[PDB]
Number of protein chains: 2
Amino acid sequence: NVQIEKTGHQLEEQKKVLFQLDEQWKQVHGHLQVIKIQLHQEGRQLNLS
Amino acid sequence: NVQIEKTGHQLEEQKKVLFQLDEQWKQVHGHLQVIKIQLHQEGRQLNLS
C-alpha cells in the first residue's frame, strides 16, 4: 500500500508535467502549421519542393 | 509528512526543469558566440558596422 500511494503521487506529478509539455508542443505545432500553410500559399506556383 | 513528500517531488521537478533550461542556455550561448566571431571575421574586411 505504501508503494501504491507513493506511485500514485508520482503519477499525478508526471501527469502535470506531461500536460504542460503537450501545451508547449501544440503551441509550436500550431505556429509551424501556419508557417507551412503560408509557405505553400506563396510557393504554390513553382514546380519546386 | 504528506505535504513534505509532495513538495519534495515538486522541488525535484523544478530542479530538472532548471537544469534543462540552463543546458539549452549554454548551447544557445555557444552558438551565438560562434556566429558572432564568424560575423566579425567576415565583416572586418569591409569598413562597416
# chains A, B, ... in the order shown; residues from 1 in each chain; ligands from 1
$ residues_around --residues "residue 49 in chain A" --least-positions-apart "5" --cutoff "12 Å" --atoms "only C-alpha atoms" --output "PDB file with C-alpha atoms, in the first residue's frame"
ATOM      1  CA  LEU A  39       4.906  28.927 -47.462  1.00  0.00           C
ATOM      2  CA  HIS A  40       2.799  26.636 -49.620  1.00  0.00           C
ATOM      3  CA  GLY A  43       5.279  28.846 -53.146  1.00  0.00           C
ATOM      4  CA  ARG A  44       2.273  27.359 -54.935  1.00  0.00           C
TER       5      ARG A  44
END
$ closest_atom_pairs --of "chain B" --to "chain A" --cutoff "8 Å" --atoms "only C-alpha atoms" --output "tab-separated table"
residue	atom	partner	partner_atom	distance
B:6	CA	A:9	CA	7.4
B:9	CA	A:13	CA	7.5
B:10	CA	A:13	CA	7.6
$ calpha_fit_and_write --fixed "chain A" --moving "chain B" --output "CSV table (one decimal) with C-alpha atoms, in the first residue's frame"
chain,number,residue,atom,x,y,z
B,1,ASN,CA,-0.1,2.2,2.2
B,2,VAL,CA,3.2,4.1,2.2
B,3,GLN,CA,4.0,2.8,-1.2
B,4,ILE,CA,0.5,3.6,-2.5
B,5,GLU,CA,0.9,7.2,-1.3
B,6,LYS,CA,4.3,7.5,-2.9
B,7,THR,CA,3.3,6.1,-6.2
B,8,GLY,CA,0.1,8.2,-6.3
B,9,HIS,CA,2.4,11.3,-6.0
B,10,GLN,CA,4.6,10.0,-8.7
B,11,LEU,CA,1.6,9.3,-11.0
B,12,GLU,CA,0.4,12.9,-10.4
B,13,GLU,CA,3.8,14.3,-11.3
B,14,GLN,CA,4.1,12.3,-14.5
B,15,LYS,CA,0.5,13.3,-15.4
B,16,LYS,CA,1.5,17.0,-15.0
B,17,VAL,CA,4.6,16.4,-17.2
B,18,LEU,CA,2.5,14.6,-19.8
B,19,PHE,CA,-0.1,17.4,-19.9
B,20,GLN,CA,2.7,20.0,-20.3
B,21,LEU,CA,4.3,18.1,-23.1
B,22,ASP,CA,1.0,17.7,-25.0
B,23,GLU,CA,0.4,21.4,-24.6
B,24,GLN,CA,3.8,22.3,-26.1
B,25,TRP,CA,3.1,19.7,-28.8
B,26,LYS,CA,-0.1,21.4,-29.7
B,27,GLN,CA,1.6,24.8,-29.8
B,28,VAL,CA,4.4,23.5,-32.0
B,29,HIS,CA,2.0,21.8,-34.3
B,30,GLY,CA,-0.1,24.9,-34.7
B,31,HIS,CA,3.0,27.0,-35.5
B,32,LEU,CA,4.3,24.3,-37.9
B,33,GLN,CA,1.0,24.3,-39.8
B,34,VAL,CA,0.9,28.1,-40.0
B,35,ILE,CA,4.4,28.1,-41.4
B,36,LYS,CA,3.5,25.3,-43.8
B,37,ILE,CA,0.5,27.2,-45.2
B,38,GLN,CA,2.5,30.4,-45.6
B,39,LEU,CA,5.3,28.6,-47.3
B,40,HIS,CA,3.0,26.9,-49.8
B,41,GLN,CA,1.1,30.1,-50.5
B,42,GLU,CA,4.3,32.1,-51.2
B,43,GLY,CA,5.9,29.3,-53.1
B,44,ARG,CA,3.1,28.1,-55.4
B,45,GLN,CA,3.5,31.3,-57.5
B,46,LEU,CA,6.8,29.8,-58.7
B,47,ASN,CA,7.1,26.4,-60.3
B,48,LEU,CA,9.3,24.9,-57.6
B,49,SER,CA,9.2,22.2,-55.0
$ decode --residues "range 11-41 of chain A" --atoms "N, CA and C atoms" --output "PDB file, in the first residue's frame"
ATOM      1  N   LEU A  11       2.597   9.597 -10.160  1.00  0.00           N
ATOM      2  CA  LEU A  11       1.802   9.625 -11.377  1.00  0.00           C
ATOM      3  C   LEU A  11       1.118  10.969 -11.546  1.00  0.00           C
ATOM      4  N   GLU A  12       0.589  11.531 -10.462  1.00  0.00           N
ATOM      5  CA  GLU A  12      -0.006  12.859 -10.584  1.00  0.00           C
ATOM      6  C   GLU A  12       1.029  13.888 -11.020  1.00  0.00           C
ATOM      7  N   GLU A  13       2.226  13.842 -10.434  1.00  0.00           N
ATOM      8  CA  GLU A  13       3.263  14.785 -10.842  1.00  0.00           C
ATOM      9  C   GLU A  13       3.568  14.654 -12.328  1.00  0.00           C
ATOM     10  N   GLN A  14       3.812  13.431 -12.787  1.00  0.00           N
ATOM     11  CA  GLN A  14       4.164  13.253 -14.187  1.00  0.00           C
ATOM     12  C   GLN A  14       3.006  13.625 -15.097  1.00  0.00           C
ATOM     13  N   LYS A  15       1.764  13.448 -14.650  1.00  0.00           N
ATOM     14  CA  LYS A  15       0.636  13.911 -15.449  1.00  0.00           C
ATOM     15  C   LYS A  15       0.678  15.418 -15.622  1.00  0.00           C
ATOM     16  N   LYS A  16       0.949  16.147 -14.541  1.00  0.00           N
ATOM     17  CA  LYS A  16       1.080  17.596 -14.659  1.00  0.00           C
ATOM     18  C   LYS A  16       2.162  17.964 -15.667  1.00  0.00           C
ATOM     19  N   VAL A  17       3.335  17.347 -15.532  1.00  0.00           N
ATOM     20  CA  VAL A  17       4.443  17.682 -16.420  1.00  0.00           C
ATOM     21  C   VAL A  17       4.083  17.366 -17.863  1.00  0.00           C
ATOM     22  N   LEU A  18       3.437  16.225 -18.090  1.00  0.00           N
ATOM     23  CA  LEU A  18       3.058  15.841 -19.441  1.00  0.00           C
ATOM     24  C   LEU A  18       2.073  16.831 -20.031  1.00  0.00           C
ATOM     25  N   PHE A  19       1.110  17.288 -19.233  1.00  0.00           N
ATOM     26  CA  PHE A  19       0.142  18.244 -19.754  1.00  0.00           C
ATOM     27  C   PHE A  19       0.819  19.543 -20.159  1.00  0.00           C
ATOM     28  N   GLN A  20       1.743  20.037 -19.336  1.00  0.00           N
ATOM     29  CA  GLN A  20       2.426  21.269 -19.721  1.00  0.00           C
ATOM     30  C   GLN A  20       3.294  21.069 -20.963  1.00  0.00           C
ATOM     31  N   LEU A  21       3.980  19.930 -21.063  1.00  0.00           N
ATOM     32  CA  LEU A  21       4.762  19.669 -22.266  1.00  0.00           C
ATOM     33  C   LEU A  21       3.873  19.621 -23.499  1.00  0.00           C
ATOM     34  N   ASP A  22       2.698  18.999 -23.398  1.00  0.00           N
ATOM     35  CA  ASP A  22       1.796  18.968 -24.545  1.00  0.00           C
ATOM     36  C   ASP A  22       1.267  20.351 -24.882  1.00  0.00           C
ATOM     37  N   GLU A  23       1.005  21.184 -23.879  1.00  0.00           N
ATOM     38  CA  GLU A  23       0.633  22.564 -24.165  1.00  0.00           C
ATOM     39  C   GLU A  23       1.691  23.233 -25.036  1.00  0.00           C
ATOM     40  N   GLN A  24       2.953  23.165 -24.607  1.00  0.00           N
ATOM     41  CA  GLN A  24       4.018  23.788 -25.391  1.00  0.00           C
ATOM     42  C   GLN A  24       4.118  23.166 -26.778  1.00  0.00           C
ATOM     43  N   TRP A  25       4.020  21.839 -26.846  1.00  0.00           N
ATOM     44  CA  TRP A  25       4.151  21.140 -28.115  1.00  0.00           C
ATOM     45  C   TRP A  25       3.076  21.577 -29.091  1.00  0.00           C
ATOM     46  N   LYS A  26       1.848  21.744 -28.613  1.00  0.00           N
ATOM     47  CA  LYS A  26       0.779  22.152 -29.510  1.00  0.00           C
ATOM     48  C   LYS A  26       0.890  23.621 -29.890  1.00  0.00           C
ATOM     49  N   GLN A  27       1.398  24.476 -29.002  1.00  0.00           N
ATOM     50  CA  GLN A  27       1.688  25.845 -29.429  1.00  0.00           C
ATOM     51  C   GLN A  27       2.661  25.847 -30.602  1.00  0.00           C
ATOM     52  N   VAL A  28       3.788  25.156 -30.440  1.00  0.00           N
ATOM     53  CA  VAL A  28       4.776  25.122 -31.510  1.00  0.00           C
ATOM     54  C   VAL A  28       4.178  24.498 -32.761  1.00  0.00           C
ATOM     55  N   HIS A  29       3.358  23.463 -32.594  1.00  0.00           N
ATOM     56  CA  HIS A  29       2.765  22.802 -33.748  1.00  0.00           C
ATOM     57  C   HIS A  29       1.841  23.744 -34.503  1.00  0.00           C
ATOM     58  N   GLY A  30       1.047  24.533 -33.784  1.00  0.00           N
ATOM     59  CA  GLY A  30       0.190  25.494 -34.454  1.00  0.00           C
ATOM     60  C   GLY A  30       0.990  26.520 -35.232  1.00  0.00           C
ATOM     61  N   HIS A  31       2.040  27.058 -34.610  1.00  0.00           N
ATOM     62  CA  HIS A  31       2.886  28.005 -35.329  1.00  0.00           C
ATOM     63  C   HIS A  31       3.457  27.373 -36.592  1.00  0.00           C
ATOM     64  N   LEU A  32       3.989  26.157 -36.471  1.00  0.00           N
ATOM     65  CA  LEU A  32       4.616  25.516 -37.619  1.00  0.00           C
ATOM     66  C   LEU A  32       3.599  25.244 -38.713  1.00  0.00           C
ATOM     67  N   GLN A  33       2.392  24.828 -38.337  1.00  0.00           N
ATOM     68  CA  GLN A  33       1.362  24.579 -39.334  1.00  0.00           C
ATOM     69  C   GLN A  33       1.003  25.854 -40.076  1.00  0.00           C
ATOM     70  N   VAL A  34       0.866  26.965 -39.352  1.00  0.00           N
ATOM     71  CA  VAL A  34       0.561  28.226 -40.018  1.00  0.00           C
ATOM     72  C   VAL A  34       1.681  28.599 -40.978  1.00  0.00           C
ATOM     73  N   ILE A  35       2.932  28.421 -40.553  1.00  0.00           N
ATOM     74  CA  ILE A  35       4.050  28.796 -41.411  1.00  0.00           C
ATOM     75  C   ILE A  35       4.080  27.935 -42.664  1.00  0.00           C
ATOM     76  N   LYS A  36       3.852  26.629 -42.526  1.00  0.00           N
ATOM     77  CA  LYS A  36       3.817  25.775 -43.708  1.00  0.00           C
ATOM     78  C   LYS A  36       2.671  26.156 -44.630  1.00  0.00           C
ATOM     79  N   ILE A  37       1.514  26.504 -44.068  1.00  0.00           N
ATOM     80  CA  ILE A  37       0.409  26.967 -44.896  1.00  0.00           C
ATOM     81  C   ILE A  37       0.836  28.177 -45.714  1.00  0.00           C
ATOM     82  N   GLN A  38       1.425  29.175 -45.056  1.00  0.00           N
ATOM     83  CA  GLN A  38       1.824  30.381 -45.775  1.00  0.00           C
ATOM     84  C   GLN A  38       2.861  30.067 -46.844  1.00  0.00           C
ATOM     85  N   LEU A  39       3.866  29.262 -46.499  1.00  0.00           N
ATOM     86  CA  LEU A  39       4.906  28.927 -47.462  1.00  0.00           C
ATOM     87  C   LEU A  39       4.305  28.264 -48.689  1.00  0.00           C
ATOM     88  N   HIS A  40       3.403  27.306 -48.480  1.00  0.00           N
ATOM     89  CA  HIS A  40       2.799  26.636 -49.620  1.00  0.00           C
ATOM     90  C   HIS A  40       1.928  27.591 -50.422  1.00  0.00           C
ATOM     91  N   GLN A  41       1.275  28.544 -49.757  1.00  0.00           N
ATOM     92  CA  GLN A  41       0.482  29.525 -50.488  1.00  0.00           C
ATOM     93  C   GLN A  41       1.362  30.357 -51.409  1.00  0.00           C
TER      94      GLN A  41
END
